[PDB]
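**Q** The structure under discussion is supplied below as structure tokens; questions concerning it will follow.
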Amino acid sequence: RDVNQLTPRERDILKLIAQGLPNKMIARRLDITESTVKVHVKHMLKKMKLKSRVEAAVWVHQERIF
DNA sequence: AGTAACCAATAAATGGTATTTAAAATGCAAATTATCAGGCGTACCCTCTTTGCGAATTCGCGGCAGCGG
């Protein structure tokens with residue numbers, strides 16, 4: 001239920017990701033293969049029980065949870 | 001005051017094939033205390049004596065026994 005069990009740093013990376021950052025630049029910046037980047041975003045997608053980032057980002061912003 | 005599905009394009013849509021990471025936790029077998037379980041010994045003198053009293057008045061039957069011509 002609670003996102004904070006995950007690392008805050010990856011949450012900040014994720015906010016940057018939802019700021020329009022494409023996966024290629026993500027892999028280039030984070031020093032991992034694109035496969036690992038996709039695996040990470042896939043993990044975040046199911047762990048938040050979401051189908052798309054738009055609704056989750058809007059919900060995070062509106063109540064200013066983090 | 002606004003028609004398109006044209007053909008590329010964009011990476012996101014997944015759920016699937018693995019050598020990793022070390023931390024944890026989870027088990028594992030020692031050391032190290034308590035406590036239990038056996039053995040021995042005892043120098044005034046003491047000497048068959050306790051029992052069962054009756055698996056309790058059955059009875060009827062059988063037979064293997066000792067005495068006996």
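Letters for chains follow the order of the structure tokens (A, B, ...), residue numbers begin at 1 for each chain, and ligand numbers begin at 1 in the order shown.
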For residue 44 in chain A, find every residue with an atom within 10 Å (counting only C-alpha atoms (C1' of nucleotides)), except residues of its own chain fewer than 6 positions away, and show them as an mmCIF file with N, CA, C and O atoms, in the first residue's frame.

**A**
data_model
loop_
_atom_site.group_PDB
_atom_site.id
_atom_site.type_symbol
_atom_site.label_atom_id
_atom_site.label_comp_id
_atom_site.auth_asym_id
_atom_site.auth_seq_id
_atom_site.Cartn_x
_atom_site.Cartn_y
_atom_site.Cartn_z
ATOM 1 N N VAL A 3 4.303 3.385 -0.596
ATOM 2 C CA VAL A 3 5.435 3.453 -1.505
ATOM 3 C C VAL A 3 6.749 3.569 -0.749
ATOM 4 O O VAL A 3 7.786 3.101 -1.231
ATOM 5 N N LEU A 6 9.862 1.268 -0.569
ATOM 6 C CA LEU A 6 10.911 1.375 -1.569
ATOM 7 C C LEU A 6 11.863 2.512 -1.217
ATOM 8 O O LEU A 6 11.610 3.318 -0.318
ATOM 9 N N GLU A 10 15.128 5.932 -5.704
ATOM 10 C CA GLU A 10 14.474 5.439 -6.909
ATOM 11 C C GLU A 10 13.138 6.126 -7.138
ATOM 12 O O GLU A 10 12.706 6.254 -8.285
ATOM 13 N N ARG A 11 12.484 6.600 -6.078
ATOM 14 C CA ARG A 11 11.300 7.433 -6.262
ATOM 15 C C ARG A 11 11.627 8.766 -6.926
ATOM 16 O O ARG A 11 10.854 9.240 -7.766
ATOM 17 N N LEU A 14 12.261 8.036 -10.414
ATOM 18 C CA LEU A 14 10.979 7.774 -11.062
ATOM 19 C C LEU A 14 10.217 9.056 -11.365
ATOM 20 O O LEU A 14 9.529 9.150 -12.386
ATOM 21 N N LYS A 38 14.063 -1.542 -18.198
ATOM 22 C CA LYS A 38 12.701 -2.003 -18.427
ATOM 23 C C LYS A 38 12.222 -2.903 -17.299
ATOM 24 O O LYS A 38 11.062 -2.818 -16.889
ATOM 25 N N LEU A 50 -0.558 -0.382 -10.737
ATOM 26 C CA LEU A 50 -1.019 0.564 -11.743
ATOM 27 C C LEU A 50 -0.933 -0.044 -13.137
ATOM 28 O O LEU A 50 -0.190 -0.999 -13.376
ATOM 29 N N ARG A 53 1.453 5.183 -16.019
ATOM 30 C CA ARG A 53 2.058 6.139 -15.098
ATOM 31 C C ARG A 53 1.240 7.413 -14.936
ATOM 32 O O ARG A 53 1.433 8.127 -13.948
#

**Q** Starting from chain A, keep only residues with some atom at most 9 Å from an atom of chain B, counting only C-alpha atoms (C1' of nucleotides), and report them as number ranges by chain.

**A** A: 22-23, 42

**Q** Skipping near chain neighbours, those fewer than 2 positions away, what residues fall within 12 Å of residue 66 in chain A using only C-alpha atoms (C1' of nucleotides), listed as a ChimeraX atom specification?

**A** /A:2-4,8-9,11-12,15,57,59-64

**Q** Store the residues picked out above, limited to C-alpha atoms, as a JSON list (two decimals), in the first residue's frame.

**A**
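So the final result, stored in out.json, reads:
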[["chain", "number", "residue", "atom", "x", "y", "z"],
["A", 2, "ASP", "CA", 2.81, 2.35, 1.00],
["A", 3, "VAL", "CA", 5.44, 3.45, -1.51],
["A", 4, "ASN", "CA", 7.95, 4.51, 1.15],
["A", 8, "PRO", "CA", 13.37, 7.34, -1.87],
["A", 9, "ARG", "CA", 16.21, 7.68, -4.38],
["A", 11, "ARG", "CA", 11.30, 7.43, -6.26],
["A", 12, "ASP", "CA", 13.16, 10.62, -7.23],
["A", 15, "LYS", "CA", 9.67, 11.33, -10.76],
["A", 57, "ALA", "CA", 1.73, 10.59, -11.20],
["A", 59, "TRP", "CA", -2.48, 11.05, -7.77],
["A", 60, "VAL", "CA", 0.99, 11.57, -6.26],
["A", 61, "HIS", "CA", 1.03, 15.24, -7.24],
["A", 62, "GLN", "CA", -2.51, 16.17, -6.18],
["A", 63, "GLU", "CA", -2.23, 15.17, -2.52],
["A", 64, "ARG", "CA", 1.54, 15.89, -2.51]]

**Q** Would you work out the distance separating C1' of residue 19 in chain B from CA of residue 36 in chain A, expressed in Å to one decimal?

**A** 14.1 Å

**Q** If you run DSSP on this backbone, which residues of range 1-61 of chain A come out as alpha helix (DSSP H), and could you give them as a PyMOL selection string?

**A** chain A and resi 8-18+23-30+34-47+53-61

**Q** Take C1' of residue 22 in chain B and CA of residue 17 in chain A and report the distance between them in Å, one decimal.

**A** 28.9 Å
